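What follows is each chain in one-letter form.
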Amino acid sequence: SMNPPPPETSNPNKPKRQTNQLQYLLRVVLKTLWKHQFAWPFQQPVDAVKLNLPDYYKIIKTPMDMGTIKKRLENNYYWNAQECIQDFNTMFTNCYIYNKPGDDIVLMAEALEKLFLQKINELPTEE
Ligand SMILES: CCn1c2c(c(=O)[nH]c1=O)[C@H](c1ccc(C)cc1)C1=C(COC1=O)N2
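Residues numbered from 1 in each chain as written, not as in the entry; some residues may be left out. Heavy atoms only, no water.

As recorded in the entry header, the structure was determined using X-ray crystallography to a resolution of 1.5000 Å.

Set out below in structure tokens:
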């Protein structure tokens, strides 16, 4: 099978705005996770073709990744912070569903998610 098209990262028909919370998600939350030693499997859409995982997109129908999130934030694609938080959660959940508990990639995701949840407790109040 071919890869699917990646998630959209811009849409002229989708209203957009900047908020202090979305700015924080880009400058602090994404920045922190993106540069983490365990980030690399999550920095781009899953390339099931190159990686040889012919069942990935038969199993995962809600793909999401930090490369997509990074572009959505940079492009001001989101209207609210919850949209972005949901994308991170979807990314982690996909990993936990596709892979076996105890697999190294699951441990990587869990470490990233722990950090993620800490940082979103620090979300600033909306101005
Ligand atoms: C996020 C998508 N994904 C990936 C892999 C996987 O086993 N399961 C999976 O859900 C695979 C891999 C294998 C072992 C480790 C320690 C990390 C990553 C892999 C990537 C990218 O490069 C790769 O070697 N992604």
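The next thing to look at is helix α6 (residues 104–120). With 17 residues, α6 should reach 24 Å at 1.5 Å per residue; the first-to-last C-alpha distance of 24 Å fits that figure. Turning to α6, its buried residues are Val 106, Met 108, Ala 109, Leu 112, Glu 113, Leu 115 and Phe 116. Contacts made by the buried residues of α6 are with α1 (20–34) and α5 (81–98). (Helix = DSSP H or I, 4+ residues; strand = E, 2+ residues; numbered from the N terminus. Expected span 1.5 Å × (residues − 1). Buried < 20%, exposed > 50% of the residue type's maximum accessible area, 1.4 Å probe, protein only. Contact = heavy atoms within 4.5 Å.)

Around the ligand sit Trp 40, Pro 41, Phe 42, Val 46, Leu 51, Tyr 56, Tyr 98, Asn 99, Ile 105 and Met 108, and that is every residue in its neighbourhood. The contact in question runs from an oxygen atom of the ligand to an N or O atom on the side chain of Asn 99, over 2.9 Å. Burial of the ligand by the protein amounts to 70% of the accessible area it has alone, namely 510 Å². Classifying every residue of the shell around the ligand by side-chain character gives nine nonpolar, one polar and no charged. (Near = heavy atom within 4 Å. Polar contact = N/O pair within 3.5 Å; in protein donor to acceptor, adjacent residues only side chain to side chain. Areas by Shrake-Rupley, 256 points an atom, 1.4 Å probe, with all protein chains shown as cover. Nonpolar A, V, L, I, M, F, W, Y, C, P; charged D, E, K, R; others polar.)

Located in the positive-phi region is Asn 52, a residue other than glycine, with phi close to 60°. Tracing the backbone through its elements, the reader meets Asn 52 in the loop between α2 (48–51) and α3 (56–59). Even without a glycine there, the phi angle at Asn 76 is positive, about 50°. With respect to the helices, strands and loops of the structure, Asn 76 is situated in the loop between α4 (66–74) and α5.

Quick look at the packing of aromatic side chains now. Tallying each qualifying case throughout the model produces five aromatic pairs. An aromatic cluster is present here, built from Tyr 56, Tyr 57 and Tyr 98 joined pairwise through their rings. Note that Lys 70 overlies the ring of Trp 34, its terminal NZ or CZ placed 5.7 Å from the centroid. (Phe/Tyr/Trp six-rings, centres within 6.5 Å; stacked < 30°, edge-to-face > 60°. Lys NZ or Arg CZ within 6 Å of the ring centre and 35° of its normal.)

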